[PDB]
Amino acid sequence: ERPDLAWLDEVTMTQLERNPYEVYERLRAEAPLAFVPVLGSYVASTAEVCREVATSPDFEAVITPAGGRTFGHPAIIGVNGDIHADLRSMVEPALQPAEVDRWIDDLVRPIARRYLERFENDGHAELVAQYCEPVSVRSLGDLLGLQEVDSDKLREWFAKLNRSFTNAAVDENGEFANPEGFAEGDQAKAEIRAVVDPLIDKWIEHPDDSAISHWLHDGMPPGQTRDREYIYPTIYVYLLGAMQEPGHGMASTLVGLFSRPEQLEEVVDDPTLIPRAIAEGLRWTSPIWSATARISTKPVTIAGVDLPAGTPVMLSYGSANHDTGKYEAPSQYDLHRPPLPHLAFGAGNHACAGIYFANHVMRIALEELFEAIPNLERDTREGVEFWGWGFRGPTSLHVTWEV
């Protein structure tokens, strides 16, 4: 235990979930690599340390403890070597930029219009539940082959998987403090199996253009498929973060723009600024905030800390994206910030595989929203609360407009 960081003993899980930024501002100043007792792990808080650990040849991927309890093996985020190379080759075809550009407009734009048509004449909406989450999950769900799983159910699954994956608190003995918090993750997985096992049964015999059918068949010898137990943990990686994060990124970008009314007006007037607005939104409140980890494979010194081999490090990219060594007043959303590198998609061999897809989903969703409701305003009678330490986003976004 590091004596001058004794204050970290009093940091709680609830504190980090409600707002981790004050603790992490102290960490970036006091100890860019620091052991946080309630998380049971070293955490990297600065951009330099997050990027170094994420790309270091002396580290490899590992899943956080609660993440591993939730996903098992082999989750693409948690493996290396040949298995990782196979799983990357499995997921990459539909995510290739030239491929995304062939069909992303016809996928996302009709979905956005469908959800907008339900409320665009109402004068009020809660955009997280009514727009941002549905567009994110329906787009990816259709791409995967889950057309028949309703968006309400996809949203429920990623919320349960989120809470299980981030159920990270440990007690005085380093044991999980809230073992009951994994139950809803296990229940979500059981429901997912009941729905997806018959789909995999069908795709094995009758492949189609769905991504999960291609995960089963691509690159395999004739008549063979990847075993479903081998692909299910990466299905869960998708049914949590890939389903959740474009909606979080959309919503955080909107909250940021509302906080700068002149900039919201600029973007509505000139939708070519939407990509820049989203990039700033991801830096400003990173959807994947501290869910990623690496483990050292040999003894290494990071930020003055001598780590033995086998030391996990949580990568708190959401804190790295407020590093004041890089950014002026990072807690303010600013569309006109110069476009600098950011870590909201991670870094290294395990960096996000779906960046190009995700950016287009968010872009098209905001384009259609501003076209349908150009006089969109935040409902300032309602507060916007952000929640989450592992994954972070606004829990609601009440808006109003003149009808």
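The numbering used is simple: start at 1 and walk along the sequence shown.
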**OP:** Determine, for stretches 379-387 and 11-19, which one has the higher mean CA B-factor as deposited.
**Re:** 379-387
Subject >> Stretch with the greater mean C-alpha B-factor as recorded in the entry, comparing 287-295 against 142-150 >> reply: 142-150
Original post:
When you compare the CA B-factors of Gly281, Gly78, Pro233, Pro179 as listed in the entry, which one comes out on top?
Top reply: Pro179
**OP:** Quick one: which of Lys160, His214, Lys326, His84 shows the highest Cα temperature factor in the PDB entry?
**Re:** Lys326
Subject >> Chain third (lowest, middle, highest) by recorded CA B-factor, residue given as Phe345 >> reply: lowest
**OP:** Going by the recorded CA B-factors, say which third of the chain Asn359 sits in, lowest, middle or highest.
**Re:** lowest
Original post:
C-alpha B factor of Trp103, ranked within the chain: lowest, middle or highest third?
Top reply: middle
Original post:
What third of its chain's C-alpha B-factors does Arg155 belong to: lowest, middle or highest?
Top reply: middle
**OP:** Would you please rank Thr70 by its C-alpha temperature factor against the other modelled residues of its chain and give the third it falls in: lowest, middle or highest?
**Re:** lowest
